[PDB]
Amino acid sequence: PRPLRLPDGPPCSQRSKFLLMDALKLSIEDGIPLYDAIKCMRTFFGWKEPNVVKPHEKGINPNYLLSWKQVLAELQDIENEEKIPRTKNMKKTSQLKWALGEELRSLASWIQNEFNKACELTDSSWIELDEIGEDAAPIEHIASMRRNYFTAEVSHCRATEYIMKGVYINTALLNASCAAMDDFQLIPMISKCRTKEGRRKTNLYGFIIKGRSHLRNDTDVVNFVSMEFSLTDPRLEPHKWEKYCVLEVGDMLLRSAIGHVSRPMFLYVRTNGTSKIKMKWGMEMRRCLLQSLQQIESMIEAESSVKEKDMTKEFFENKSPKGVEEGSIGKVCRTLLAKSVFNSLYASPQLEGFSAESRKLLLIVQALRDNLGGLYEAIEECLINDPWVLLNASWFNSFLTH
């Protein structure tokens, strides 16, 4: 029947907790986070006097600039102290006190592009061979072969970077929120990976500064300010960046398909917040690897029940089905993962309603198609402004044209 009526209005904007496809890393080829951050910072020499290039319409833009200058200034202090401290509590300046707090939207093309990027392979690997699972006992042979096949396909996947990025920053923020309750602690955004050649590498995405965090319960909120490197010029797609003040903070010399080029380096700045319970879920994002592995195993066990033999080799080596719609078994694994990871990155009540209610309508349209009102309101009451939900609604309407 009817396609879901998606809402008209200004394009939807980014609302993840940290940048996704736009992130930029300052890296070192190799664990106290602040020390890692500083060594990453000193690898870059194209810093310059920072200025606003895309203002935050609803924010106090001078304060965001003062805040970044303060970060560089207090890191400059840390460098002079003979012993680099374990943590750095920021001076409680007026700009930080302000920053720390002491409507229908249409679907924009950028969220589909984010998703596509999350399915891509990266040069580096983001997990260990035995990252997936938490068994007490040794795992049996068929389970081990399935985990090693699936692990080979998603260890280099971009969405796995997003998982480990997310795990690190939520663990550091949750820890700081009870170890340094009254401090405006400077918290590096770090990840770790292993290069194509097997070299261990440490990545700095930027920094967050947390506010006062007396989190008596799970829904209590701690505010923070994120400051994230990027090469994305925000002026190309300003609607994506409604929540940010974007600074130009340097220039970077790059290898490119035309040889060496200098590109501006930007800093995406926004205020944000999270709660205890959201930080605990952030710490469990590696579950996305486990849950999507199980969706794969649910498929192999279905095929194996038909063919009265184990079909793990035949499934993963793509050796009954004569192809793979997404292209390869590897792409299916990475699409499942990326969906699971984006469910985590863009979790919301709107996503919850859309999933459970659109599920009911799918079975009804499938049973109708095979053999041949109130659900629509429940579904469309969830189509408000969340980019991930709007995309999934758009995907659902494709399934409704075939």
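Rigid core here is just the name for the largest C-alpha set that superposes within 1.5 Å across the two forms. Counting begins at 1, following the sequence as shown.
Enquirer: Taking the root mean square of C-alpha distances over all structures and residues in 8 other deposited structures of this protein, with a rigid core superposition, name the larger of 75-83 and 222-230.
Expert: Clearly, after the core fit, the stretch farther away in 8 other deposited structures of this protein is 75-83.
Enquirer: Gap size between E102 and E103, counting deposited residues with no coordinates: none, 1 to 3, 4 to 9, or 10 or more?
Expert: According to the record, 10 or more deposited residues lack coordinates from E102 to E103.
Enquirer: Do any residues of the deposited sequence lie unmodelled between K91 and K92, and which range holds their number: none, 1 to 3, 4 to 9, or 10 or more?
Expert: According to the record, the chain runs unbroken from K91 to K92.
Enquirer: Take the C-alpha B-factors listed in the entry for 153-161 and for 258-266, compute each mean, and give the stretch with the larger one.
Expert: It is 258-266.
Enquirer: When the Cα temperature factors in the entry are averaged, is it 75-83 or 120-128 that ends up higher?
Expert: In the deposited entry, the stretch with the higher C-alpha B-factor mean is 75-83.
Enquirer: Take the CA temperature factors straight from the PDB entry and tell me which of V249, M181, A136, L231 peaks.
Expert: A136 has the highest C-alpha B-factor of those listed.
Enquirer: Just to confirm, going by the entry's C-alpha B-factors, which of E308, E114, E242, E237 comes out highest?
Expert: Max CA B-factor in the entry, restricted to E308, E114, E242, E237: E308.
Enquirer: Sorting the chain's modelled residues by C-alpha B-factor, tell me whether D386 ends up in the lowest, middle or highest third.
Expert: CA B-factor rank for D386: middle third.
Enquirer: What third of the chain does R287 rank in for C-alpha temperature factor, lowest, middle or highest?
Expert: Within its chain, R287 is a middle-third residue by C-alpha B-factor, going by the deposited values.
Enquirer: Select lowest, middle or highest to describe the third in which the CA B-factor of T312 falls within its chain in this entry.
Expert: CA B-factor rank for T312: highest third.
Enquirer: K69's Cα B-factor: lowest, middle or highest third of the chain?
Expert: Within its chain, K69 is a lowest-third residue by C-alpha B-factor, going by the deposited values.
Enquirer: Comparing against every modelled residue in the chain, figure out the third that the C-alpha B-factor of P33 lands in (lowest, middle or highest).
Expert: For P33, the deposited C-alpha B-factor lands in the middle third.
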